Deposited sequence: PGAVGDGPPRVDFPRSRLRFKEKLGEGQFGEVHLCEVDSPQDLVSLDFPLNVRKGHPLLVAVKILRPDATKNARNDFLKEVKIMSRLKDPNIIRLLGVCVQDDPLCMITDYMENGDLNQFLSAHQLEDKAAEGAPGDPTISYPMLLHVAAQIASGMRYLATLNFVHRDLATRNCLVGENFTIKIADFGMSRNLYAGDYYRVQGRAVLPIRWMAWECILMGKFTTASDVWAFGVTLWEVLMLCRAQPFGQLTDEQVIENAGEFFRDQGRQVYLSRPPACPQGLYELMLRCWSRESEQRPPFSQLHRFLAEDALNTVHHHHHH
């Protein structure tokens, strides 16, 4: 059943896609639709395909609706509703008022105990939620392929949801490696076997989670392998394959204790089956955040 499109009131533009836009909207007379807090503007985000969108654009949109429709977890973007029985095609999701996690964290510093900041335990809670979302995706045998902080959204009280913006945002253009006629590739987040053979699996999602964890512990203030060129990062993948002890790893963030760094290192294991499963990554971080 279609969400009543006429109840969607535009408020501002959140994003410019290639063929679509994402808008911030209010829902008029909110509680009439509940299958919202009293006296407050119920905001949602709406992804809308332009009425003059191509056949290809419309096809990709319809497939995204199918994919989103099954994702049902507290730390994954949720499909609240659709408007697809007529044009323009719409998808609706929760408004995450603090934007993408990379921008959010970039605007924070680790609290100095000696005295906006964020605590170490809170950093772990951020990471644990990401791991919980990926744990869910793993149980569906759903491979994300582009896990990074730029692809996570942040709501109130540091709640996190995993999304998938695509690779076209100007702000993150430097995170993607482009060759004519090939797939655009987030090489700095990619397991060696992804770079060399195009093989994306849950185990390469684990590797990307390691890099994402490294980002969180760096407070998003440096790009992974930031002093190496795209070419050297690709060459590094070659060194993982060759396995002659010449491969290199991201270094330990200042905010990251050695035990936690050793867990990161395990995510970057050459052998896929030796990378920790998400159920264990979550358990580790939630124990450490709790205690």
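J.: Please list, in sequence order, every stretch of the deposited sequence that lacks C-alpha coordinates.
T.: Residues missing from the model, as numbered along the full deposited sequence, span 1-10, 46-51, 132-137, 314-321.
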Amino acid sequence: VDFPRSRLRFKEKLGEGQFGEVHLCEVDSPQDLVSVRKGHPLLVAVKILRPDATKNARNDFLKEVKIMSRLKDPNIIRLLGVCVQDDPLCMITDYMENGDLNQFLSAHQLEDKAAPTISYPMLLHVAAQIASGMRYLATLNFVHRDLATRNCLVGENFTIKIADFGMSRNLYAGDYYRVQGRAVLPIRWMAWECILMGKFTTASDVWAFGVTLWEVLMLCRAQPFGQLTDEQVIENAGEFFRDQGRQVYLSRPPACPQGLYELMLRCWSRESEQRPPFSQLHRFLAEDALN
From here on, numbers count along this sequence of modelled residues.
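Here, rigid core means the biggest group of C-alpha atoms that superpose within 1.5 Å across both forms.
J.: Determine, for 199-207 and 81-89, which one has C-alphas that on average lie farther from this form in 9 other deposited structures of this protein; superpose on the rigid core first.
T.: Once the cores are fitted, 81-89 deviates more in 9 other deposited structures of this protein.
J.: Which stretch is less alike in 9 other deposited structures of this protein, 44-52 or 234-242, counting RMS CA distance after the rigid core is superposed?
T.: Output: 44-52, the stretch lying farther off on average in 9 other deposited structures of this protein.
J.: Can you check if, in at least a third of the other PDB entries compared, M68 has no modelled coordinates?
T.: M68: modelled in all of the comparison entries.
J.: Give yes or no for this: do at least a third of the other compared entries, each modelling residues before and after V34, lack coordinates for it?
T.: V34: unmodelled in at least a third of the other compared entries.
J.: For the stretches 259-267 and 26-34, which has the higher mean C-alpha B-factor as given in the deposited record?
T.: According to the PDB entry, the answer is 26-34.
J.: Should the higher mean CA B-factor in the entry be assigned to 236-244 or to 218-226?
T.: Averaging CA B-factors over each stretch, the winner is 236-244.
J.: If you compare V154, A128, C83, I187, which has the highest Cα B-factor in the entry?
T.: Answer for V154, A128, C83, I187: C83, with the highest C-alpha B-factor.
J.: So among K63, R252, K47, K55, who wins on Cα B-factor in the entry?
T.: Highest C-alpha B-factor among the listed residues goes to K55.
J.: What third of its chain, lowest, middle or highest, does the C-alpha temperature factor of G210 fall into?
T.: Tercile = lowest for this residue's CA B-factor.
J.: Comparing against every modelled residue in the chain, figure out the third that the C-alpha B-factor of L105 lands in (lowest, middle or highest).
T.: For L105, the deposited C-alpha B-factor lands in the middle third.
J.: For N98, does the deposited CA B-factor place it in the lowest, middle or highest third of the chain?
T.: Answer is middle: the recorded C-alpha B-factor places it there.
J.: Comparing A115 with the other modelled residues of its chain, is its CA B-factor in the lowest, middle or highest third?
T.: Highest third.
J.: Taking the chain's C-alpha temperature factors as the reference, tell me which third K199 falls into: lowest, middle or highest.
T.: According to the entry, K199 has a C-alpha B-factor in the chain's highest third.
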